[PDB]
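Undergrad: Below is the structure I would like to discuss, written out as C-alpha coordinates.
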Amino acid sequence: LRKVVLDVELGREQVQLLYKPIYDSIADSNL
Amino acid sequence: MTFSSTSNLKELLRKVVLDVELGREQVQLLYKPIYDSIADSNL
(Lines give C-alpha, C1' and ligand atoms only; values in the text may rest on other atoms or scores of the structure.)
Protein backbone atom coordinates (compact mmCIF):
# COMPACT_ATOMS: atom_id res chain seq x y z
CA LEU A 1 0.00 0.00 0.00
CA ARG A 2 0.98 3.66 -0.26
CA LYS A 3 3.52 4.93 2.28
CA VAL A 4 2.73 8.29 3.91
CA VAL A 5 4.77 10.00 6.63
CA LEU A 6 3.33 12.02 9.51
CA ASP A 7 4.78 15.44 8.65
CA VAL A 8 5.50 16.41 12.24
CA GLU A 9 7.53 19.43 13.35
CA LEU A 10 10.95 18.32 14.63
CA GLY A 11 14.50 19.64 14.43
CA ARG A 12 16.56 21.70 16.83
CA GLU A 13 15.52 25.27 17.58
CA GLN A 14 17.11 28.19 15.78
CA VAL A 15 19.59 30.28 17.79
CA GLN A 16 19.62 34.08 17.59
CA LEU A 17 22.38 36.61 18.24
CA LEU A 18 21.10 38.31 21.39
CA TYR A 19 24.34 40.11 22.33
CA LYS A 20 24.23 42.73 19.55
CA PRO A 21 22.36 45.57 21.35
CA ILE A 22 25.02 45.58 24.08
CA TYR A 23 28.40 45.33 22.38
CA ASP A 24 29.91 47.99 20.13
CA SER A 25 31.15 46.08 17.09
CA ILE A 26 34.69 46.57 15.77
CA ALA A 27 35.34 44.85 12.42
CA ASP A 28 38.87 44.81 11.01
CA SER A 29 41.00 41.94 9.73
CA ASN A 30 44.17 43.90 10.61
CA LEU A 31 43.74 43.44 14.37
CA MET B 1 -77.96 21.80 24.16
CA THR B 2 -74.40 21.70 25.51
CA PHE B 3 -70.96 21.67 23.92
CA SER B 4 -70.00 18.94 26.40
CA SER B 5 -72.28 16.54 24.52
CA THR B 6 -70.39 17.02 21.23
CA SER B 7 -66.93 17.44 22.78
CA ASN B 8 -65.88 13.84 22.12
CA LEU B 9 -66.60 14.06 18.37
CA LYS B 10 -63.21 15.53 17.49
CA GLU B 11 -63.86 15.27 13.75
CA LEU B 12 -66.57 17.93 14.04
CA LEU B 13 -64.36 20.44 15.87
CA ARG B 14 -61.62 22.52 14.29
CA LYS B 15 -58.18 21.05 15.01
CA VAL B 16 -55.64 23.66 16.15
CA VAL B 17 -52.15 22.76 17.40
CA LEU B 18 -49.98 25.31 19.20
CA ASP B 19 -46.43 25.60 17.89
CA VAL B 20 -43.81 24.38 20.37
CA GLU B 21 -40.55 24.42 18.39
CA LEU B 22 -39.38 20.99 19.54
CA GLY B 23 -36.46 19.07 18.11
CA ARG B 24 -32.75 18.48 18.59
CA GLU B 25 -30.16 21.23 18.95
CA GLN B 26 -27.58 21.48 16.19
CA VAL B 27 -24.17 19.99 17.04
CA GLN B 28 -21.34 22.22 15.84
CA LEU B 29 -17.74 21.10 15.31
CA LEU B 30 -15.96 22.78 18.21
CA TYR B 31 -12.61 21.08 17.58
CA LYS B 32 -11.71 22.96 14.39
CA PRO B 33 -9.41 25.67 15.85
CA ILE B 34 -7.22 23.13 17.64
CA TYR B 35 -6.48 20.62 14.87
CA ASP B 36 -4.58 20.74 11.58
CA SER B 37 -6.49 18.94 8.84
CA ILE B 38 -4.67 16.39 6.68
CA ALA B 39 -7.20 15.37 4.02
CA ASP B 40 -5.85 12.62 1.76
CA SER B 41 -7.94 9.88 0.15
CA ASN B 42 -5.03 7.39 0.12
CA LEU B 43 -3.74 7.42 3.69
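Just remember, in the C-alpha coordinates the first chain shown is A, the second B, etc., residues are 1-based per chain, and ligands are 1-based in the order shown.
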Just need the residues of chain B within 10 Å of chain A, counting only C-alpha atoms, so spit them out as a PyMOL selection string.
TA: chain B and resi 38+40+42-43
